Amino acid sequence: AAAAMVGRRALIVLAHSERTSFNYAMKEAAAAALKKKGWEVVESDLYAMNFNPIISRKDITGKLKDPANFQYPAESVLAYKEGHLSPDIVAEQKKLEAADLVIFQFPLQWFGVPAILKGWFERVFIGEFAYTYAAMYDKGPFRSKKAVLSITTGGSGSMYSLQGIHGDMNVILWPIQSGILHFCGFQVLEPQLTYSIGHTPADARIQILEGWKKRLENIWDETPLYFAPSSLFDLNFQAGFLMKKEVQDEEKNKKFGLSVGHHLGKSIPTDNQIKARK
């Protein structure tokens, strides 16, 4: 009936302290659904792990190159290559290497990810492992993997609409989806947005769980979000990593920009960071 997805691995990263939370419920739902379709599922429950989110010298267990002028980016890359990274970092890196699908489950906090997840990015997404300056965006190491955000908010969807007090949600997601995930190569799927979960009745919450589960059955066949391909740009320091001139000329006449970040002073394509286009 569905002899598929049998070879495939999934990592679920959760950033909530309480097992009584709807965030925890969504993580359980995701794991169940994926297992049922024959995925292997690994988890990182950052609060349960008591994960340490602060970068420091202690992340390098070997010999620093220049302890007088300590620079986390350079020192962390050397340590990755020589294998004297702190073992909590390495364990997470091995889960990522193995995973084909990565799901991030968290509550929106101050228009962003929780501190503990931010720190996970900071300590685990090391140079050479997750990105290089030669291989950015679509050429990056994780180009064979897919990622998706599943977010809960306290505020209602109207508040994050084009005319809402808080403003467009597409703008809020951009730094995360483009700046962190796509930067390392991930194909980014449509975010799962659960608005105003605190004022949602029980019957509706169950529908949401059921809908999440249903989505996950075919998650791998979805079309990803649109980001400008790197090939539109001159990727060297002399050109300034600017958009190629021929591409500027092709776009001179169009009404819409390419993406939220590449709006080009024009209109932002509707729901660029929320819905795929095919």
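Residues carry their position along the shown sequence, with the first being 1.
- Averaged over CA atoms, B-factors in the entry run higher in 55-63 than in the other of 55-63 and 40-48.
- Averaged over their C-alpha atoms, the temperature factors of 78-86 and 177-185 are higher for 78-86.
- Highest CA B-factor among the listed residues (172, 134, 99, 103): 134.
- Per the deposited record, 198 carries the highest C-alpha B-factor of all listed residues (198, 119, 167, 191).
- The entry lists a Cα temperature factor for residue 262 that places it in the middle third of the chain's modelled residues.
- Among the modelled residues of its chain, residue 26 has a C-alpha B-factor that falls in the lowest third, as given in the PDB entry.
- In the PDB entry, a CA B factor belonging to the lowest third of its chain's modelled residues is recorded for residue 92.
- Compared with the other modelled residues of the chain, the Cα B-factor recorded for residue 146 ranks in the middle third.
- Compared with the other modelled residues of the chain, the Cα B-factor recorded for residue 140 ranks in the highest third.
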